[PDB]
Structures are given as structure tokens and as C-alpha cells.
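**Student:** Just dropping this structure here.
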Amino acid sequence: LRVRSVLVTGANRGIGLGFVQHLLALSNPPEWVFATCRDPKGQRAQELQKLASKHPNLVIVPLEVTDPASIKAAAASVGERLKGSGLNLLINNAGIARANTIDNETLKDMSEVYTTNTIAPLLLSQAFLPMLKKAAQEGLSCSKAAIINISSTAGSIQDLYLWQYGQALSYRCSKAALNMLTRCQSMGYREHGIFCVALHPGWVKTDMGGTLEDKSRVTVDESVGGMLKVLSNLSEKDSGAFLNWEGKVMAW
Amino acid sequence: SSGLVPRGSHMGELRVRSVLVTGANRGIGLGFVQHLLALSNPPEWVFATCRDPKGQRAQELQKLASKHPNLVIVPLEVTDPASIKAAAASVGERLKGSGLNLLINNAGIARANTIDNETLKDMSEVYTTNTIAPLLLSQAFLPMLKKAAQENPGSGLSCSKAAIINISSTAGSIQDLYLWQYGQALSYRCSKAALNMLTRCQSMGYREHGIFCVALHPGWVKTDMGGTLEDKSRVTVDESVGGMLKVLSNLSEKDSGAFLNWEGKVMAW
Ligand SMILES: NC(=O)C1=CN([C@@H]2O[C@H](COP(=O)(O)OP(=O)(O)OC[C@H]3O[C@@H](n4cnc5c(N)ncnc54)[C@H](OP(=O)(O)O)[C@@H]3O)[C@@H](O)[C@H]2O)C=CC1
Ligand SMILES: NC(=O)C1=CN([C@@H]2O[C@H](COP(=O)(O)OP(=O)(O)OC[C@H]3O[C@@H](n4cnc5c(N)ncnc54)[C@H](OP(=O)(O)O)[C@@H]3O)[C@@H](O)[C@H]2O)C=CC1
């Protein structure tokens, strides 16, 4: 696993911050790690800010993933830093979940969860397509040109992971639709030499994973150490797949 | 043959006192209405929802209605919670305390954009029509579905007792990705995979209530959505809906939350 440039959304806390830390700590670290976040001037951005003060490597980019203009500015801004060099790796990680029961689910929540979890990875892939294409041109591997969508087995229609812990229909629907988007990107972008894959990170001890004790749970470090290992072993025939942080096949 | 799938070919008993079909003025939805009316034991009420009920769109439905006193035409814009609300309240009043046995979420849209020109607006609109509206309609009809379940008490589940039918698509199958070469239509595919998800969740959360749920693929149907293309694989509305109704007539509680086609075959998610 050797990537010269990577962009991670939702990079200030939880799994996305884990990705940043691990990526900077790779045997051969990237030339550019772009870590996006909503409020680079907020307390929740500080851990990232300090990381950037120690690593000239790390570029904090402001990004509201549901706002097409914010997405546009973030893409101009990273494109100017890459000075026409490619983007090897896009990790769509930013996401939300809302704790609504099937009976309480609303149009608002169904819609907002979908636009953050599903539409935004599409928009961001479209906006960075030019840079991913460049990188492919400089089979299909994550070291070359890849889109990584962080999904969930909560969005597995077969498995319905963790049903007895939460219904979160807006979230499950959005994650199934993200597994479909991943398949579509895989087929649509294959001709550009761009790999796509969906990953389940596990039930991670983050703000989203919640407070519950369970020994199937994993730490941020175990989850992202896993996912990065998985990426480093992926080849063409896995493009469009849905794999977990241990590299296992998850049912759709 | 050489395949045989009796789940789809055998004419089981479908005994539904009341049904509501969304998107009932043309295409598959109109087929559902005509076939439901033509059942050996016809429903006491067939609610057919449409838009612009006295406009050109709804002409053939209005014709049908003049000839069938059991056909009730209901105005409904599925993307508008207020219109959903008013439709449920109206149907509830016509039912006079009786349950709704069968809710068919059929209304839907597809758009022709490719991956490069997919938009926020198109993704969001197709989702609200194809995925959120079946959810909201299910919530609004839940009291009446539950009343139908209570009318036929017990462990069993069937489409004659209390059922939600979501008309989905193997274009929404992540594994099969049907008709990819014909059209990418990401907004449509993502919404149908999410509808398969919704159906699954509904089967789980509504089972305790006695309500059956299932997603059906109607085939590639000769309608305005399916298009004009001459193809051996294509079915007519009569074939697709005659098939789907045989499928429903055969389902039991072991099948709740399945994804099936009009032939009764099990479809991959
Ligand atoms: N933790 C778990 O157990 C599991 C998580 N996942 C998936 O992992 C991914 C990361 O999850 P996790 O780290 O746990 O989640 P957290 O809630 O801990 O982190 C959410 C991250 O996403 C960002 N985000 C949310 N909405 C937006 C937005 N509109 N624009 C820009 N950023 C946004 C948040 O920013 P801010 O700090 O500004 O709020 C934050 O950086 C998510 O996609 C999640 O669905 C999947 C399975 C399990
Ligand atoms: N035909 C095919 O090959 C396939 C179809 N399907 C599914 O079958 C279902 C019916 O498809 P089909 O008959 O072919 O489609 P049509 O385009 O022929 O008919 C669409 C129907 O849905 C109604 N509708 C659309 N949007 C709304 C809305 N916002 N509010 C209320 N009604 C709305 C339309 O009403 P109006 O007349 O007012 O526009 C019309 O009654 C769809 O869910 C479709 O996805 C799945 C696989 C294949």
C-alpha cells in the first residue's frame, strides 16, 4: 500500500481521524493527505489541527459534503495543491445515523440521511473524477486510483446487522443504496482505470457506534489498520464488492 | 419448460376484502386495478390512487369506475405528506372501521441520466418518490393494516390477511444490476435497493402485528417506464400482473421480507 495522495471526508473524529493518523504513519507515507471537515475552526477540529502542525504532509480542507458549492471549492482547492498531479485515493467516510424507529421515520430524516450517506459520495466522486482519472493514467488497485465508500452491514439487506439494537431505517436504507452506488461506480468508472469498493469497518467504538459493551466491537485502530490492510490486497475482480475490515465478503 | 415455479404458476386463493394500489391510472398500477376487479371473489373495495383524477391522465380509470361500484378513486401525490395524510383519512372513512388487507406501493419514477450527469435534485427526487413515499404510505395505512390483521387473528401471515407489497426492480439488485447496458439510472437503482431494504425492515418490525411484507420485481414490462424496445424478455402488463397476483396468492409467513419476481422466483438482493 503506497499512495502518493489520499482524501478522507469526516476526518476530524472517529474512523475518519483514524484513517488520517494511520495514513501519515505508513511505511511510505503519502505526499499529500487531505483531511476534510465541516468546521476547521471548531473544537472538534483541534486534534486534526495539531496533527497538521506536525505534518506538512496533512492539508485540512473545509467541506460540507451535502453542499454542491462546498464540494466544488474543496475540489478546486485540492486540485491547486496537487498542481495537476492525481488523487490516488478518495475515502468517503463522513456519515450520519438517526435513532428513529420505523414508526417515527420522517421525510426529513430519510432525506437528510440519504443525501449525506449516499448522494454526497456520488457528488464527491464526480467532483474528484478528473483527479482520480489523472492518477490512473500516471488493472485496478487502491495504490493506483480508487474510491473507498465506508458502508455498514447495517445496510446489508440479507443480514440486517444489529437490528435488535436499532432500527435506523433512514441509515440502513442509505447504506444499502451506498452499496448499490459502489457497484454502479465500479461499472461506470472501470473504463477510467478506477477501482471502487465498499467497506464495513465493524462496530467501532466511536460516537456513532455508541456506548454499548460487546466483545465483537473493535477500536478505531483495529478497524482502520484492517481496512488499510484490505485495500493493499485488492485487485480488479473485487471492484464493486462489499468487504469488512478483516477482508471478508459481506452479503448485500 | 424445463423450469417450473409453482409459487408463480399455481392459482392460489387470494381473498382480499380491501386493497389500495398507488399509481393506478396507467402502466402496472392500472393492471393491478383491472386484475383485482376481475378476481373470482372481488374485493369489496379497490382503492385506486391517482393524480389529477378528473384530468386526461385518469380517463381510463374513471371509465372503469363508472362500471365497478367497488372501485374507489383516491387523489394522491405520493411525495406530499399532507396528500398522504388526506388519502389515508379518506380511505379510513370509506372503510367504516374495517381493515385494509392489501397495500400495493406501485407508484414510481425513473430518470435517464448517466453517472456523470446524475444530480442532487434527481437523486433526491427519485428517492423520495420510490423509497420514502412507500415508507410514509405504510406508516399512514398501518392502523388499517393492523385492523385487518386483528380481524384474522393468529400466527399466520398472508396477502389475504394484511400485507404490504412493494413493487421494486432487479435493476435495484446489487448483485444482478439488471439492464445496466440499457441504462445506468443510478438514482432509480439506488432507490430500488433502498426499497428492498425498507421491505426487509418492514417485514421484521411489522411481523408482531400480523402484517406480511414482500418486494416484487414485475419483470421488464411494456409500459411508458419500461419503454418501446422489442425484446423476448418483455412481458405485457397482463402477464406481469397476472403473474404477481398468483405469486401473492401463494405466499405464507415464511416468505415475509423476500424479494420475488412475477414468476415466483427468488431474486438476489
Ligand atoms: N462506528 C461504527 O460502529 C460504524 C460506522 N460506520 C460508518 O463509518 C463512517 C464513519 O463513522 P464514525 O466515525 O463512527 O461516525 P462519527 O459520527 O463518529 O463521525 C461522523 C464524521 O462524519 C462527519 N460528517 C457528518 N455529516 C457531515 C457533513 N454533512 N459534511 C461533512 N462531514 C460530515 C462528522 O463531522 P462533524 O465532526 O463535523 O460532525 C464526523 O467527522 C460513517 O459512514 C459510518 O456510517 C459503519 C459501521 C459501523
Ligand atoms: N415497467 C417496467 O419494466 C418496470 C417497472 N417497475 C416498477 O413498477 C412500478 C410501476 O411502473 P410502470 O407502470 O412501468 O411505470 P409508469 O411510468 O408507466 O407509471 C408510473 C405510475 O406512477 C405514478 N406516479 C409517479 N410519480 C408519482 C407521484 N409523485 N405521485 C403519485 N403518483 C406518481 C404515475 O402517475 P402519473 O400518471 O400521474 O404520472 C403512474 O400512475 C414502478 O415502481 C416501477 O419502478 C420495476 C421494474 C420494471
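Note on naming: chains are A, B, ... as they come in the C-alpha cells, residues start from 1 per chain, ligands start from 1 in the order shown.
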Can you check which parts of chain B lie within 10 Å of chain A? Per residue, the shortest pair of atoms and distance in Å to one decimal, counting only C-alpha atoms, sorted by chain and number, as a tab-separated table.
**Tutor:**
residue	atom	partner	partner_atom	distance
B:79	CA	A:107	CA	9.1
B:80	CA	A:107	CA	9.4
B:81	CA	A:107	CA	8.0
B:114	CA	A:188	CA	8.8
B:115	CA	A:188	CA	6.8
B:116	CA	A:126	CA	6.6
B:117	CA	A:126	CA	8.6
B:118	CA	A:122	CA	8.4
B:119	CA	A:123	CA	7.7
B:120	CA	A:119	CA	6.5
B:121	CA	A:119	CA	9.6
B:122	CA	A:119	CA	9.9
B:123	CA	A:119	CA	6.7
B:124	CA	A:111	CA	7.1
B:125	CA	A:111	CA	9.4
B:127	CA	A:111	CA	7.9
B:128	CA	A:111	CA	7.2
B:131	CA	A:173	CA	8.7
B:132	CA	A:107	CA	6.4
B:133	CA	A:107	CA	8.2
B:135	CA	A:105	CA	8.2
B:136	CA	A:106	CA	7.5
B:138	CA	A:103	CA	9.2
B:139	CA	A:103	CA	6.3
B:140	CA	A:103	CA	9.4
B:142	CA	A:103	CA	9.1
B:171	CA	A:180	CA	10.0
B:172	CA	A:180	CA	7.6
B:173	CA	A:180	CA	7.8
B:174	CA	A:180	CA	5.3
B:175	CA	A:252	CA	7.7
B:177	CA	A:183	CA	8.3
B:180	CA	A:184	CA	8.9
B:184	CA	A:184	CA	7.6
B:185	CA	A:184	CA	9.2
B:186	CA	A:181	CA	6.9
B:187	CA	A:181	CA	8.9
B:189	CA	A:180	CA	7.1
B:190	CA	A:177	CA	4.5
B:191	CA	A:177	CA	6.7
B:192	CA	A:177	CA	8.1
B:193	CA	A:177	CA	5.7
B:194	CA	A:173	CA	4.5
B:195	CA	A:173	CA	7.3
B:196	CA	A:157	CA	7.2
B:197	CA	A:157	CA	5.3
B:198	CA	A:173	CA	6.5
B:199	CA	A:157	CA	9.2
B:200	CA	A:157	CA	6.7
B:201	CA	A:169	CA	7.2
B:202	CA	A:102	CA	7.6
B:204	CA	A:163	CA	8.9
B:205	CA	A:102	CA	7.3
B:206	CA	A:102	CA	9.2
B:257	CA	A:157	CA	9.7
B:258	CA	A:158	CA	9.6
B:268	CA	A:252	CA	8.8
B:269	CA	A:252	CA	6.2
**Student:** Check which residues of chain B sit at most 9 Å from ligand 2 using only C-alpha atoms and all ligand atoms, and return one row each with the closest pair of atoms and their distance in Å to one decimal, ordered by chain and rising number, as JSON lines.
**Tutor:**
{"residue": "B:22", "atom": "CA", "partner": "ligand 2", "partner_atom_place_in_ligand_line": "32 (N)", "distance": 6.7}
{"residue": "B:23", "atom": "CA", "partner": "ligand 2", "partner_atom_place_in_ligand_line": "41 (O)", "distance": 3.3}
{"residue": "B:24", "atom": "CA", "partner": "ligand 2", "partner_atom_place_in_ligand_line": "41 (O)", "distance": 5.0}
{"residue": "B:25", "atom": "CA", "partner": "ligand 2", "partner_atom_place_in_ligand_line": "41 (O)", "distance": 4.8}
{"residue": "B:26", "atom": "CA", "partner": "ligand 2", "partner_atom_place_in_ligand_line": "41 (O)", "distance": 5.0}
{"residue": "B:27", "atom": "CA", "partner": "ligand 2", "partner_atom_place_in_ligand_line": "13 (O)", "distance": 3.4}
{"residue": "B:28", "atom": "CA", "partner": "ligand 2", "partner_atom_place_in_ligand_line": "13 (O)", "distance": 3.8}
{"residue": "B:29", "atom": "CA", "partner": "ligand 2", "partner_atom_place_in_ligand_line": "13 (O)", "distance": 5.6}
{"residue": "B:30", "atom": "CA", "partner": "ligand 2", "partner_atom_place_in_ligand_line": "41 (O)", "distance": 7.4}
{"residue": "B:31", "atom": "CA", "partner": "ligand 2", "partner_atom_place_in_ligand_line": "13 (O)", "distance": 8.4}
{"residue": "B:49", "atom": "CA", "partner": "ligand 2", "partner_atom_place_in_ligand_line": "31 (C)", "distance": 7.6}
{"residue": "B:50", "atom": "CA", "partner": "ligand 2", "partner_atom_place_in_ligand_line": "32 (N)", "distance": 5.9}
{"residue": "B:51", "atom": "CA", "partner": "ligand 2", "partner_atom_place_in_ligand_line": "38 (O)", "distance": 4.9}
{"residue": "B:52", "atom": "CA", "partner": "ligand 2", "partner_atom_place_in_ligand_line": "38 (O)", "distance": 7.1}
{"residue": "B:57", "atom": "CA", "partner": "ligand 2", "partner_atom_place_in_ligand_line": "37 (O)", "distance": 5.7}
{"residue": "B:58", "atom": "CA", "partner": "ligand 2", "partner_atom_place_in_ligand_line": "37 (O)", "distance": 7.5}
{"residue": "B:75", "atom": "CA", "partner": "ligand 2", "partner_atom_place_in_ligand_line": "31 (C)", "distance": 8.5}
{"residue": "B:76", "atom": "CA", "partner": "ligand 2", "partner_atom_place_in_ligand_line": "31 (C)", "distance": 5.8}
{"residue": "B:77", "atom": "CA", "partner": "ligand 2", "partner_atom_place_in_ligand_line": "30 (N)", "distance": 3.9}
{"residue": "B:78", "atom": "CA", "partner": "ligand 2", "partner_atom_place_in_ligand_line": "30 (N)", "distance": 4.1}
{"residue": "B:79", "atom": "CA", "partner": "ligand 2", "partner_atom_place_in_ligand_line": "29 (N)", "distance": 5.2}
{"residue": "B:80", "atom": "CA", "partner": "ligand 2", "partner_atom_place_in_ligand_line": "29 (N)", "distance": 8.1}
{"residue": "B:105", "atom": "CA", "partner": "ligand 2", "partner_atom_place_in_ligand_line": "43 (O)", "distance": 7.3}
{"residue": "B:106", "atom": "CA", "partner": "ligand 2", "partner_atom_place_in_ligand_line": "9 (C)", "distance": 4.6}
{"residue": "B:107", "atom": "CA", "partner": "ligand 2", "partner_atom_place_in_ligand_line": "22 (O)", "distance": 3.5}
{"residue": "B:108", "atom": "CA", "partner": "ligand 2", "partner_atom_place_in_ligand_line": "43 (O)", "distance": 4.0}
{"residue": "B:109", "atom": "CA", "partner": "ligand 2", "partner_atom_place_in_ligand_line": "25 (C)", "distance": 5.3}
{"residue": "B:110", "atom": "CA", "partner": "ligand 2", "partner_atom_place_in_ligand_line": "45 (O)", "distance": 6.7}
{"residue": "B:125", "atom": "CA", "partner": "ligand 2", "partner_atom_place_in_ligand_line": "29 (N)", "distance": 8.9}
{"residue": "B:126", "atom": "CA", "partner": "ligand 2", "partner_atom_place_in_ligand_line": "26 (N)", "distance": 8.8}
{"residue": "B:128", "atom": "CA", "partner": "ligand 2", "partner_atom_place_in_ligand_line": "29 (N)", "distance": 8.5}
{"residue": "B:129", "atom": "CA", "partner": "ligand 2", "partner_atom_place_in_ligand_line": "29 (N)", "distance": 5.5}
{"residue": "B:130", "atom": "CA", "partner": "ligand 2", "partner_atom_place_in_ligand_line": "43 (O)", "distance": 6.7}
{"residue": "B:133", "atom": "CA", "partner": "ligand 2", "partner_atom_place_in_ligand_line": "29 (N)", "distance": 8.5}
{"residue": "B:166", "atom": "CA", "partner": "ligand 2", "partner_atom_place_in_ligand_line": "43 (O)", "distance": 8.0}
{"residue": "B:167", "atom": "CA", "partner": "ligand 2", "partner_atom_place_in_ligand_line": "43 (O)", "distance": 5.2}
{"residue": "B:168", "atom": "CA", "partner": "ligand 2", "partner_atom_place_in_ligand_line": "46 (C)", "distance": 5.3}
{"residue": "B:169", "atom": "CA", "partner": "ligand 2", "partner_atom_place_in_ligand_line": "47 (C)", "distance": 4.2}
{"residue": "B:170", "atom": "CA", "partner": "ligand 2", "partner_atom_place_in_ligand_line": "47 (C)", "distance": 6.8}
{"residue": "B:171", "atom": "CA", "partner": "ligand 2", "partner_atom_place_in_ligand_line": "47 (C)", "distance": 7.0}
{"residue": "B:172", "atom": "CA", "partner": "ligand 2", "partner_atom_place_in_ligand_line": "47 (C)", "distance": 8.8}
{"residue": "B:188", "atom": "CA", "partner": "ligand 2", "partner_atom_place_in_ligand_line": "45 (O)", "distance": 7.7}
{"residue": "B:192", "atom": "CA", "partner": "ligand 2", "partner_atom_place_in_ligand_line": "45 (O)", "distance": 7.7}
{"residue": "B:216", "atom": "CA", "partner": "ligand 2", "partner_atom_place_in_ligand_line": "46 (C)", "distance": 8.2}
{"residue": "B:217", "atom": "CA", "partner": "ligand 2", "partner_atom_place_in_ligand_line": "47 (C)", "distance": 5.7}
{"residue": "B:218", "atom": "CA", "partner": "ligand 2", "partner_atom_place_in_ligand_line": "47 (C)", "distance": 5.5}
{"residue": "B:219", "atom": "CA", "partner": "ligand 2", "partner_atom_place_in_ligand_line": "48 (C)", "distance": 5.4}
{"residue": "B:220", "atom": "CA", "partner": "ligand 2", "partner_atom_place_in_ligand_line": "3 (O)", "distance": 3.5}
{"residue": "B:221", "atom": "CA", "partner": "ligand 2", "partner_atom_place_in_ligand_line": "3 (O)", "distance": 3.7}
{"residue": "B:222", "atom": "CA", "partner": "ligand 2", "partner_atom_place_in_ligand_line": "1 (N)", "distance": 6.0}
{"residue": "B:223", "atom": "CA", "partner": "ligand 2", "partner_atom_place_in_ligand_line": "14 (O)", "distance": 4.7}
{"residue": "B:224", "atom": "CA", "partner": "ligand 2", "partner_atom_place_in_ligand_line": "18 (O)", "distance": 4.4}
{"residue": "B:225", "atom": "CA", "partner": "ligand 2", "partner_atom_place_in_ligand_line": "17 (O)", "distance": 4.1}
{"residue": "B:226", "atom": "CA", "partner": "ligand 2", "partner_atom_place_in_ligand_line": "3 (O)", "distance": 3.7}
{"residue": "B:227", "atom": "CA", "partner": "ligand 2", "partner_atom_place_in_ligand_line": "3 (O)", "distance": 7.4}
{"residue": "B:234", "atom": "CA", "partner": "ligand 2", "partner_atom_place_in_ligand_line": "3 (O)", "distance": 7.9}
{"residue": "B:235", "atom": "CA", "partner": "ligand 2", "partner_atom_place_in_ligand_line": "3 (O)", "distance": 8.3}
{"residue": "B:237", "atom": "CA", "partner": "ligand 2", "partner_atom_place_in_ligand_line": "13 (O)", "distance": 8.2}
**Student:** Write as a count of residues only the residues around ligand 1, taking 9 Å as the cut-off and counting only C-alpha atoms and all ligand atoms.
**Tutor:** 60
**Student:** Have a look at CA of residue 34 in chain A and CA of residue 249 in chain A and let me know their distance in Å, one decimal.
**Tutor:**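 Separating CA of residue 34 in chain A from CA of residue 249 in chain A is a distance of 28.8 Å.
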**Student:** Find the spatial neighbours of range 151-157 of chain B, counting only C-alpha atoms, within a cut-off of 8 Å - ignore same-chain residues fewer than 5 positions away - and output them as a ChimeraX atom specification.
**Tutor:** /B:99,162,210-212,252-253,256
**Student:** Could the residues in this selection be written to a file with C-alpha atoms, as a PDB file, in the first residue's frame?
**Tutor:**
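What landed in out-v9.pdb:
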ATOM      1  CA  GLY B  99     -59.279  -3.099   7.893  1.00  0.00           C
ATOM      2  CA  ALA B 162     -52.734  -7.983   5.965  1.00  0.00           C
ATOM      3  CA  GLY B 210     -49.614  -9.807  11.820  1.00  0.00           C
ATOM      4  CA  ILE B 211     -48.554  -7.878   8.660  1.00  0.00           C
ATOM      5  CA  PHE B 212     -46.825  -9.613   5.736  1.00  0.00           C
ATOM      6  CA  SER B 252     -47.083 -17.501   3.580  1.00  0.00           C
ATOM      7  CA  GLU B 253     -45.339 -16.203   6.575  1.00  0.00           C
ATOM      8  CA  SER B 256     -42.266 -12.267   4.556  1.00  0.00           C
TER       9      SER B 256
END
**Student:** So the first atom is CA of residue 91 in chain B and the second is CA of residue 17 in chain B; what is the distance between them in Å, to one decimal place?
**Tutor:**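 Between CA of residue 91 in chain B and CA of residue 17 in chain B the gap works out to 13.6 Å.
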